[PDB]
Amino acid sequence: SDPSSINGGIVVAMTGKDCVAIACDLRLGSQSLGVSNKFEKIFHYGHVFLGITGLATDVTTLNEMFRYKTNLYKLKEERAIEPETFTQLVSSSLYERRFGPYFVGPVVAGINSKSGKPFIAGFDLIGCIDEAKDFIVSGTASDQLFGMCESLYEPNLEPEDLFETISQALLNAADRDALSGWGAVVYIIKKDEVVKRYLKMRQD
Amino acid sequence: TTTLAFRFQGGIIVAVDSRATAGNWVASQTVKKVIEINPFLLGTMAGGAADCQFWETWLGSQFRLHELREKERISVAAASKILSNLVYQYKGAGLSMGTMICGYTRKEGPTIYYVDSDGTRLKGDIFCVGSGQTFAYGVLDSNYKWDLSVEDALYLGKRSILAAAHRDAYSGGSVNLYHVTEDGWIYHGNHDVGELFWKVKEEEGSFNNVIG
Amino acid sequence: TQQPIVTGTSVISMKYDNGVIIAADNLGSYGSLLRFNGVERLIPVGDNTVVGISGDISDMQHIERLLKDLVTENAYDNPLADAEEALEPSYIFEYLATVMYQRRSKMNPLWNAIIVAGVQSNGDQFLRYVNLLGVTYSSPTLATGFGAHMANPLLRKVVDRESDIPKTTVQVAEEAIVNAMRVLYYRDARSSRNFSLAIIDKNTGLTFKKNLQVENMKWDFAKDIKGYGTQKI
Amino acid sequence: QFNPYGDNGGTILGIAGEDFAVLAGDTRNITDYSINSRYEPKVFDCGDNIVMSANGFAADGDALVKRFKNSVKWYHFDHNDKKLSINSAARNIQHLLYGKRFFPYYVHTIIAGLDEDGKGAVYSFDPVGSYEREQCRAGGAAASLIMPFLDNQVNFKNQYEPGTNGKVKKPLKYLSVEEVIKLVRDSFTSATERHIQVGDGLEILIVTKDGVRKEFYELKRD
Amino acid sequence: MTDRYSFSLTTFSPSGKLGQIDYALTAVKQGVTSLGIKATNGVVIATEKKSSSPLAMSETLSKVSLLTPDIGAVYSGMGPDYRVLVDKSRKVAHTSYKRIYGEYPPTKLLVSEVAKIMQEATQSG
Amino acid sequence: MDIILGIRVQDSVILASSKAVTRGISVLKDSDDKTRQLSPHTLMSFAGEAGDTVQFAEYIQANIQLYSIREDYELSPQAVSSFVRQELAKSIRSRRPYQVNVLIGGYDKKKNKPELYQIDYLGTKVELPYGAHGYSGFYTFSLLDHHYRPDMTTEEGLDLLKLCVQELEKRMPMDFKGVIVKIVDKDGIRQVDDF
Amino acid sequence: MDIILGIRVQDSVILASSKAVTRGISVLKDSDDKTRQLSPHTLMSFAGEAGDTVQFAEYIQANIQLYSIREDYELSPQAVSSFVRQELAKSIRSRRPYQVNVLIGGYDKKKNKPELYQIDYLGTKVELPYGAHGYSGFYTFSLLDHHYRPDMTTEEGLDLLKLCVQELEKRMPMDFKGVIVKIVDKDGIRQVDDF
Amino acid sequence: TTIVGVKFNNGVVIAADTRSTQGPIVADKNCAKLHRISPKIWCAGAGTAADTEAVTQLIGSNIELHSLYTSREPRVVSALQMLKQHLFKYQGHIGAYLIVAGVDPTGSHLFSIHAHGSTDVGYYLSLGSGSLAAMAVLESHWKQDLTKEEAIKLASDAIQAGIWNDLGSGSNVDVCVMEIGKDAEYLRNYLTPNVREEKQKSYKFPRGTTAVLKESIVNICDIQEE
Amino acid sequence: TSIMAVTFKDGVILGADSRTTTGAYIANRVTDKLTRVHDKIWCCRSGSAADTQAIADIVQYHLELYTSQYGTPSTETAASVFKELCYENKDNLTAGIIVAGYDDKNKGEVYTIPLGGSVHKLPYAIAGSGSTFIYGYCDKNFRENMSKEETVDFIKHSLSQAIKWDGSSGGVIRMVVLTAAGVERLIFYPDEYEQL
Amino acid sequence: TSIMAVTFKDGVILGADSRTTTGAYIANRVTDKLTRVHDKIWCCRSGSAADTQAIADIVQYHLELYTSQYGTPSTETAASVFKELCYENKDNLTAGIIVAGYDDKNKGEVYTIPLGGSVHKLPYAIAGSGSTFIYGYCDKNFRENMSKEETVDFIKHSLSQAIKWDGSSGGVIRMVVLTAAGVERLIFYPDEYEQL
Ligand SMILES: [Mg+2]
Ligand SMILES: [Mg+2]
Ligand SMILES: [Mg+2]
Ligand SMILES: [Mg+2]
Ligand SMILES: [Mg+2]
Ligand SMILES: [Mg+2]
């Protein structure tokens with residue numbers, strides 16, 4: 001019934017020293033029924049990464065919409081969109097559906113190509129921006145993720161340390177949520193290299 | 001929840017998952033869904049956890065009083081009917097119960113009774129109860145034979161819970177196995193689904209859809 | 001299950017170094033109608049306890065009779081009724097708390113929020129809350145209804161924790177209570193200017209003050225306020 | 001319509017050690033967005049080396065604890081001052097809870113102590129009496145924030161030994177009382193940061209063969 | 001009533017000339033001189049305040065206009081046409097950019113939007 | 001309608017769909033083909049609310065047939081599935097949404113690969129080795145999880161499909177009157193007339 | 001439960017009752033005998049709410065068995081049916097009524113006549129040549145109205161019963177997993193093990 | 001949320017806490033609730049966070065265009081009128097509850113706006129879940145002819161009352177001071193009375209603790225030459 | 001809310017309390033419910049604050065545009081514009097407005113516009129939640145052609161009682177006097193009117 | 001309904017209208033709402049006619065049995081019996097009763113018992129649907145230790161206004177005077193009180 005918890009799933013994003021990390025589980029379900037273990041919730045437009053939890057049809061629709069918009073942006077601006085600008089675009093796009101919203105929990109992550117500054121941001125389904133320094137959480141195990149992140153996180157982690165922190169934050173949060181899990185992906189993002197790691201986890 | 005029990009040549013296999021949820025929140029992964037009524041009788045837990053625990057524990061007290069008075073082991077038929085008659089008195093009050101009363105006696109042999117909070121009492125050879133019951137049934141129905149060995153029967157029960165644990169979001173954690181004989185039940189261990197899944201995937205070649 | 005008809009609003013209270021203070025206005029409201037202006041909602045029990053009651057007035061009067069009956073009953077076959085075996089604030093509270101929880105458990109509550117303020121035999125301050133649900137809690141400051149939202153913040157600036165109680169005098173505590181009552185009169189639509197205040201001190205005993213009024217009110221600034229935005233005249 | 005139930009917030013945490021047990025709980029009591037008390041004890045010494053807390057609706061919580069303490073007293077009268085073992089206490093509490101099956105105590109009960117072999121024991125109850133011996137159990141408002149952290153840091157879930165890469169699990173080494181208290185404090189500090197109903201103070205009751213000891217710690221008051 | 005001129009008033013002549021555009025450029029030619037120079041660390045735009053009368057307060061007539069905090073405009077030709085273009089240019093900087101991206105448009109894109117408005121007046125009915 | 005199954009094997013996609021059409025109390029038909037050929041190498045099965053199912057399926061069919069004529073070219077199964085998903089995603093926020101779940105079984109002639117796409121009425125698309133809609137998956141997925149291999153032949157896929165249908169016929173309360181099975185491969189679409 | 005049929009022929013009563021027991025989503029059993037022998041020449045089939053059906057049937061059985069022992073005498077089918085009706089008529093105004101419909105097939109040894117009684121959960125009794133409960137009559141009564149004769153043999157009754165079951169299996173949406181058929185005559189009660 | 005506005009001698013000050021919540025969960029511990037409508041017109045929002053931010057940007061945008069059109073600095077009454085008429089049109093469905101404050105050529109102003117479009121004038125105002133705690137402080141200590149320093153003290157004390165006593169409010173105090181004939185000074189995190197204490201333990205994991213299935217480089221760069 | 005308008009010899013006086021509540025919380029204790037739609041045409045507002053403000057603002061706009069074209073509008077004209085808005089939008093409004101004005105030709109006039117959007121010209125009008133408690137008092141004590149001082153006392157005593165009994169009313173008693181002489185604002189504080 | 005009881009120098013006077021309605025239909029226009037529970041203890045009834053009659057009849061029984069055993073009951077005692085019935089059966093009653101009586105020791109006393117079943121001893125009390133409209137009037141015009149003639153005028157004028165504004169009230173104004181001299185019934189007709 002509740003659109004934001006029909007399909008399930010989670011996204012978490014963290015900042016580190018000269019790097020950001022964004023991670024998601026791979027589950028798509030119809031309530032109790034597990035349907036897909038390959039439903040990736042993180043996308044990227046140039047160097048800007050977008051995670052989206054919530055109703056899966058809207059996750060797909062918004063990805064296609066932001067691909068659409070960032071492609072036109074690039075053609076006109078003659079440059080790739082930045083995380084700060086994209087965050088405003090996500091907010092604008094969600095709020096234009098104020099009284100008929102996409103049932104999603106988007107999470108932006110990336111590094112500004114000019115300043116080199118790590119950036120993350122979260123949104124509610126309606127466009128309100130949460131621009132946290134430390135971490136952003138989203139999905140059906142957001143409480144669990146808040147608990148994990150709040151204790152596990154420390155500032156200025158190196159890329160390979162940040163990987164361990166965000167992975168453990170995701171995994172253990174997902175294992176306390178019926179509608180999350182079935183695999184996981186972690187993106188470690190640096191100014192000019194991005195590493196994508198699929199995690200091994202319990203498949204129940 | 002996923003609980004099953006089936007009759008076979010060597011007695012009864014009882015297999016259950018271990019997950020308990022409150023909505024989407026996984027409250028516990030270490031729940032005991034097999035109630036050890038007494039050394040000879042087992043009951044499964046589905047629906048209301050308290051209702052199953054309380055009344056199947058109470059159950060063991062009634063059986064103990066029976067065999068003290070009658071100087072004889074209570075039958076699985078009489079056993080299951082004490083429970084079904086009890087819950088039937090409460091019908092409408094809102095008890096939530098779906099259980100298999102499992103036992104092996106001289107006069108009856110291996111017997112399983114599905115007992116219900118609606119007052120249903122069904123004798124049968126294979127029963128599966130819970131949110132993941134349909135997944136377990138599939139594995140059971142396609143692989144079940146009366147002439148299964150105790151080893152293969154135990155694995156079939158384990159594998160059928162694994163099938164449900166994987167697909168059903170409200171099932172998982174670990175698998176508890178029991179083997180019921182005439183001289184009593186025998187516990188066959190707690191098996192973490194996480195470790196069991198990968199083990200079964202490799203050794204069996206199943207779950208090719210899943211990347212390991 | 002009922003609905004409250006004639007109601008009393010906030011009861012506020014706090015601990016200080018030698019005892020407790022409790023206050024409540026003299027209004028018995030009938031919905032938005034300010035029906036009864038001479039209602040005493042602080043009811044003393046003996047010389048060591050004051051029970052402050054908000055919510056349904058008919059249930060308050062019932063509770064008032066229970067406490068009156070309790071004193072009578074305690075005196076029966078009790079040579080030390082006015083000494084070692086006199087009623088303590090803790091005895092009176094636990095009794096009410098039992099009744100409140102029993103009544104909510106029968107789905108027929110006494111529609112009240114109660115604060116029992118007093119001083120024990122050993123001189124210890126007693127201040128504890130109980131309501132229609134049988135919920136109980138203690139704190140250096142306690143307040144019911146609107147008092148909880150507006151009085152507590154002000155009273156907590158004086159006694160923010162247990163260690164502030166010995167540092168707080170009766171003059172400072174009373175001043176804070178009286179100011180809180182003014183704030184409630186400004187902002188609670190079901191309050192009156194007239195109130196009663198009770199002090200239970202371990203040295204000077206029970207001081208019960210009737211017919212107090214909210215004074216030193218600020219209203220002069222209202223003359224300058226015009227319209228709701230653009231209006232100048 | 002009259003609603004006999006309420007939510008007094010609060011969060012409790014029981015952890016069973018090797019030869020000890022801790023039952024912790026925040027001291028904040030609330031209704032809706034208001035604080036009733038910054039220090040309202042929630043975990044209680046019930047005698048016979050048993051500690052108890054019934055978190056949720058405080059009136060039912062207080063009623064249950066009161067009735068259990070009473071049951072301990074009458075167990076002594078009826079059975080020649082015999083010590084009530086933690087397992088026996090647990091079964092007794094089930095019957096207290098299930099006694100009100102159709103008008104439940106709206107609480108999540110946890111007790112802690114030592115079993116008859118002297119090992120650490122924690123038991124966890126649902127509102128209607130289904131119970132279970134557990135090693136680790138958070139209850140109440142911020143339970144969802146605390147349990148995943150405990151799965152990771154107590155049971156070493158999802159943690160593997162470096163170099164093996166997922167092949168060898170981190171071994172389940174026993175935690176000392178000092179180590180457990182660190183995890184309890186950090187659990188509540190984290191819960192306080194991210195949950196509005198958690199804060200003010202943390203009171204921990206530690207149970208050993210020597211008896212019941214108390215430790216108090218400040219929490220953020222916002 | 002109704003705007004019954006739903007057809008183009010600017011059309012290609014046999015020689016391939018768009019007359020109304022050429023004539024508009026002729027009007028620009030008659031207009032007062034304005035210029036722009038780009039430096040390494042800035043840009044300058046300038047023009048003469050041709051006062052129509054000495055009684056007129058030429059400070060109230062702004063030939064140089066702020067479009068965004070980082071963009072300015074000057075013109076040559078018909079002043080009233082410029083004034084309404086500045087109004088539209090300011091609004092379009094918000095409606096088609098700032099309200100979407102939370103930042104002011106880059107010079108080239110705002111210019112592109114102004115150009116689009118001027119193109120439409122060259123083809124619309 | 002009720003049960004629709006799909007399985008992608010080595011070199012083909014197999015769709016199995018129930019034949020029953022029940023309107024309340026009576027089974028009005030026991031030979032209903034719940035599928036439409038969208039293009040020579042793309043088949044779509046469907047299940048959902050009465051009327052909407054066929055209306056939607058034929059609407060999609062017409063659109064793909066139009067595209068095929070205009071461009072003189074067959075769209076890839078992926079392209080068709082994306083088009084279908086968008087129509088359903090558009091539909092879910094309409095005045096009256098299409099209550100239709102579909103499986104799209106196609107053979108990509110460019111990549112020489114079979115492809116099975118599962119899309120529900122919300123526009124939830126997933127590419128799968130095997131899929132279902134409604135309660136069908138609850139009975140069949142445990143069998144498919146166990147037996148499925150990506151290198152299965154068409155004949156092995158049909159045998160695994162029979163086992164799935166047998167389990168459905170045993171444990172489902174509803175009589176769905178068997179299934180029509182169709183195979184989509186490089187040569188096109190054909191019906192298995194004996195099942 | 002679902003379908004229970006009854007037909008009174010020349011010298012016997014035949015009761016046909018479905019074997020399926022469905023609890024929501026799954027068919028838990030396909031061999032359930034929805035009947036109890038009340039006395040040597042009186043059989044009662046039953047269908048209704050879960051638990052109530054068997055509880056009621058066994059309660060009636062116990063009472064008739066008690067009467068049989070006390071008086072050393074078998075009550076007539078009419079007497080048993082009246083007793084059963086009263087219990088259901090008593091039940092309908094109770095705190096929680098028995099939601100049970102029954103057919104009572106008996107052979108009256110005094111009159112040497114087969115007798116079929118249809119009683120619903122309200123206590124609505126009717127003596128019939130053939131009867132049913134729930135939706136069973138909707139499919140079968142048109143066939144029974146056409147073919148039934150009061151002088152039919154047991155074998156002809158079974159053939160007409162097969163035709164009724166075939167029509168049910170064709171047009172009913174639910175799979176009731178066939179029927180157990182029992183015959184009540186002068187020699188007592190016996191089950192037709194092949195049907 | 002706790003937000004307040006306090007008039008003083010030569011201007012007006014607004015303040016706010018920095019806690020934003022989704023239910024009982026704290027989403028952001030350092031949220032910025034003080035929003036800019038124009039350089040010297042600021043407002044604080046409570047209720048639906050997206051609506052407060054969205055409605056202030058829209059009016060702020062139209063205020064800027066209006067300012068450019070009229071060659072005049074924007075007025076608070078214009079922001080007020082544009083906000084209320086917008087909110088009234090949507091009949092409370094835009095859940096924006098605002099305290100609008102600012103200085104302009106007319107003088108210093110302080111208004112509140114409710115979601116249905118009703119506005120109020122005052123010398124001291126409070127909005128949000130901690131408005132009662134804050135108003136208690138304002139009613140106890142407010143006086144006429146407050147200085148700049150007194151108004152900042154009063155405003156922040158009122159926010160603190162909300163921070164400590166209201167569960168919906170917490171963390172830090174943001175302040176913005178708008179004085180006549182001066183630039184408005186935005187004081188982000190004016191008070192910081194809720195820094196988290198050092199944890200008992202470091203939870204930095206040993207490298208290689210997490211089990212990994214696959215690694216790969218993601219191509220964020222464009223299609224390359226040659 | 002307690003509001004009233006009373007005609008007298010020299011013109012008309014509008015009176016009002018200053019309490020605005022959200023449930024039992026007094027959201028504003030110094031509200032100005034006497035609002036100006038024209039120089040000498042004012043109104044008392046009761047009901048939804050959003051609605052009555054929106055209405056008053058629209059009326060003020062209409063009378064401002066009326067004045068630019070046709071000169072000063074009559075009080076009747078102002079009441080008609082109020083009525084038109086209240087009547088035509090009765091399904092979406094909760095507004096109880098009293099319109100009071102001073103012409104030189106017509107002198108002091110009072111029009112009341114209740115929830116339905118009807119218009120009633122009266123010698124005096126009372127409205128708002130607190131008005132219920134003073135129907136008896138006002139009917140017994142009102143006289144036509146009172147003096148300014150008598151009318152101020154009548155309004156002060158009336159609203160004093162309305163405030164005393166109505167929890168939704170309170171604060172200060174604001175008044176606006178409309179005569180040929182001009183527009184005079186009056187305010188009366190609790191310490192003054194409570195002892196009456 | 002409009003009812004009131006007023007203490008004065010010589011004792012107490014109960015006053016009431018005579019209208020009883022079923023919706024907008026006046027079922028009885030000459031109702032007697034002043035009812036006798038003892039020689040010099042009477043009551044005014046408002047709310048459910050069935051309930052208040054049932055209560056009054058039970059009280060009269062209780063005071064009759066009280067008198068047989070313990071002699072004449074106090075007005076306080078009568079009010080207590082009323083309260084006991086109203087409070088304990090609050091879930092099933094809709095009764096608003098004013099109790100008035102005359103002792104020689106205590107003189108005139110008035111107790112009001114509203115819906116909840118609380119008791120309030122007052123110098124005078126007003127109740128019923130029509131009372132809302134005269135809170136202002138009665139508060140301004142009541143004085144303690146009035147004469148019989150003044151109290152009759154006060155009640156007559158008060159209920160006249162209550163009747164004027166309340167559609168649920170009307171008919172005749174009945175009054176019962178309780179003093180040492182005895183019990184006097186008074187009636188006042190529309191032509192008398194409407195012109196006041
Ligand atoms: Mg999971
Ligand atoms: Mg699972
Ligand atoms: Mg906190
Ligand atoms: Mg799907
Ligand atoms: Mg409205
Ligand atoms: Mg008042």
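A note on names: the letters A, B, ... follow the listed sequences, proteins ahead of strands, and every chain is numbered from 1.
Contact check for C:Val130 versus C:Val135: no side-chain heavy atoms found under the 4.5 Å cut-off. For the pair J:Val110/J:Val99, no side-chain contact is recorded, criterion being any heavy-atom separation below 4.5 Å from C-beta on. Side-chain contact check for J:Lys90 versus C:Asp56: some heavy-atom pair is nearer than 4.5 Å. Looking only at side-chain heavy atoms (C-beta outward), C:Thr49 and C:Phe93 stay at 4.5 Å or farther from each other. Counting heavy atoms from C-beta outward, C:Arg182 and C:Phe195 have side chains that stay 4.5 Å or more apart. By the 4.5 Å heavy-atom criterion applied to side chains, J:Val81 and J:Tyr66 are not counted as neighbours. Considering only heavy atoms from C-beta on, H:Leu132 comes within 4.5 Å of I:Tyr25 through its side chain.
Not one N or O on the side chain of J:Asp103 forms a donor-acceptor pair closer than 3.5 Å with the backbone of J:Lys107.
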Let's go through J:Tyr102 and J:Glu109 carefully: what are the C-alpha distance in whole Å and the side-chain angles of both, what is the deciding distance for side-chain contact (heavy atoms from CB on, under 4.5 Å) to 0.1 Å, and is it a yes or a no? CA-CA 7 Å; J:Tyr102 180 83; J:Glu109 286 188 340; over 6 Å; no

In sequence, state the C-alpha distance, the side-chain angles, and the governing distance for D:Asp200 and D:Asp26, and then conclude on side-chain contact (heavy atoms from CB on, under 4.5 Å). CA-CA 7 Å; D:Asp200 295 325; D:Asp26 65 338; over 6 Å; no

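Closest approach of C:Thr9 to C:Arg190, counting heavy atoms only: CG2-O, 3.2 Å.
The residues C:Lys202 and C:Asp17 are annotated as not salt-bridged, no charged nitrogen and carboxylate oxygen being separated by less than 4.0 angstrom. A salt bridge links C:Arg187 with H:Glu139: at least one charged nitrogen is closer than 4.0 Å to a carboxylate oxygen.
The cationic atom of C:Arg104 (NZ for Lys, CZ for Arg) lies less than 6.0 Å from the six-membered ring centre of D:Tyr5 and within 45° of the ring axis.
In this structure, C:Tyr101 OH and D:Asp62 CG are separated by 9.0 Å, a value rounded to the nearest 0.5 Å.
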